[PDB]
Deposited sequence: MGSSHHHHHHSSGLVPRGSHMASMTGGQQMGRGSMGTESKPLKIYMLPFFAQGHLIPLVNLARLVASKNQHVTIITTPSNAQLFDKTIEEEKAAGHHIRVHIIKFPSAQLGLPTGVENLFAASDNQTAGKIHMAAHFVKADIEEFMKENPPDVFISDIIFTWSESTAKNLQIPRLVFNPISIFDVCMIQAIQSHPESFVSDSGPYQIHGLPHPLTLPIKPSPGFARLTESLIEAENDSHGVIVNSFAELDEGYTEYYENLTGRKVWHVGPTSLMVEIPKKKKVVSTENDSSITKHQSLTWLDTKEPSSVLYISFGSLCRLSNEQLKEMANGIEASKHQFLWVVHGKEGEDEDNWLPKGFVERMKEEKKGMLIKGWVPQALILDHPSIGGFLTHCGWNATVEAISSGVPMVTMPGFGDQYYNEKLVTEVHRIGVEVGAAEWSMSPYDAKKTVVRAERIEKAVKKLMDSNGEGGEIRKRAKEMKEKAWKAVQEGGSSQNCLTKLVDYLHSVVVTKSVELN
């Protein structure tokens, strides 16, 4: 059994995929330690207790979050607790400050293998000075870094002031309506750089989804890709459901952007008009609007006609999203294309209507709509690097209405996309089931680590 230390970054889209990888590797009779901070460990300690109770050798080593060095108040230890770019940048800076406590812990208790999130750039020098193999963990598909690199390597394609823009050199032709904003290629230098006797990159995706981009990346960097994901699938009555029980199969568009990527008042109004003009049934979940005048973010009397024509339901608060996406009445998912939303949509076979909000979501959109055609693209109006900055432009209602109609209408393109989405669901569960690509690759990874030690 190997001694494997796993270092997640302090963000939910990074933390939970790496924790799930930790549960998978522990389930293969390995000694796994997750190194994290107190507020983050309490997001999954109950799962760890259940794994320990099943005989799996998995534990959490607590390190102090550098709140004092950053001037952050206690309990602000992940991006979900940040509310502005300054705080978000400080949490990114925290990845550098934890280096001393982690290096000290590893010089005293050296493990056999060190697995660290892409962000901890110091992990390379730490593994060399301790003479220990290190693998990088990428919590999303390898397609994103490929799209980024293709953009970076073709600056002549983005010289025009107005789009569309062509992305060349990839397995698929890709287009962008808006050019990437300065700094779009952050947190990729560790992934794009060539190999220096690399043990590979662990990728939270599956081979079928990344097909072609796996080879593009390996050819570009020389580094092996280990597809072991989606790890959230590998480790496997609310009034909304009651309303859905009255609707025809695949007849309801589910709309949810969550809390981080919540839309502006002007954007919510454009959305309601486009959704209403689409004439399709909808389940719209909005966060952070309880006790606010609906006229501030909805058209006049939107909710009145919404219930009179029996078209839509608007929920202000938390909904069981996993059960909603599994309900047969849902026929579409309008969302921001975050990785977790993308994986959940795939796992439920639900086609997406893509409206990316910030960051990696513009690349996730293209994987969904232009590579795999398991969703429909609304059309971005602004490229934002941050979820907290207010957008100077808005996605107009006709674009939202046209995209919903394109997916939800029967006689057209939506039938193919709906069928492709159902087939990707089967491919995703097959990859994580017994004998699937990601289960086989996880076994080969652990075997390879044994021969490296």
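- Taken in order along the deposited sequence, the stretches absent from the coordinates are 1-40, 277-293, 511-518.
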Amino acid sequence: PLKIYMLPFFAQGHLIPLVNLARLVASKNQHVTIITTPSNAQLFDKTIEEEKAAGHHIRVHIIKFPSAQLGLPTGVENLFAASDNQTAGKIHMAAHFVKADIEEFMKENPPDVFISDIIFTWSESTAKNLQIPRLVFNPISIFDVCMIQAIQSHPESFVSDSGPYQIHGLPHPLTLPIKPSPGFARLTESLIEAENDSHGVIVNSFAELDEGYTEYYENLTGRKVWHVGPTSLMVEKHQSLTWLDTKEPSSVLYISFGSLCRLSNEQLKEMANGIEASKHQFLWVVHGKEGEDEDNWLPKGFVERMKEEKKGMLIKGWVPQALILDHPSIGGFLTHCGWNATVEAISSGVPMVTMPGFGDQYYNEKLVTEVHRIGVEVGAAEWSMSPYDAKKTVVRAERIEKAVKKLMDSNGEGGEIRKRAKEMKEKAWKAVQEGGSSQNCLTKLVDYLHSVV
From here on, numbers count along this sequence of modelled residues.
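- For the pair 305-313 and 148-156, the mean Cα B-factor is higher in 305-313.
- The PDB entry reports B-factors from which the mean C-alpha value can be compared for 423-431 and 385-393; the larger average falls on 385-393.
- Set against one another, the Cα B-factors of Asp245, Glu215, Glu195, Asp117 in the record reach their highest point at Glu195.
- The residue among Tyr254, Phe358, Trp339, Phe105 whose C-alpha atom has the highest B-factor in the PDB entry is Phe105.
- Among the modelled residues of its chain, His287 has a C-alpha B-factor that falls in the highest third according to the deposited record.
- For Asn129, the recorded CA B-factor ranks within the highest third of the chain. Only modelled residues enter the ranking.
- In the PDB entry, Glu77 places in the middle third of its chain by CA B-factor.
- Ranked against the other modelled residues of its chain, the C-alpha B-factor of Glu416 as given in the entry falls in the lowest third.
- Remark: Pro328 belongs to the lowest third of its chain, ranked by C-alpha B-factor as recorded.
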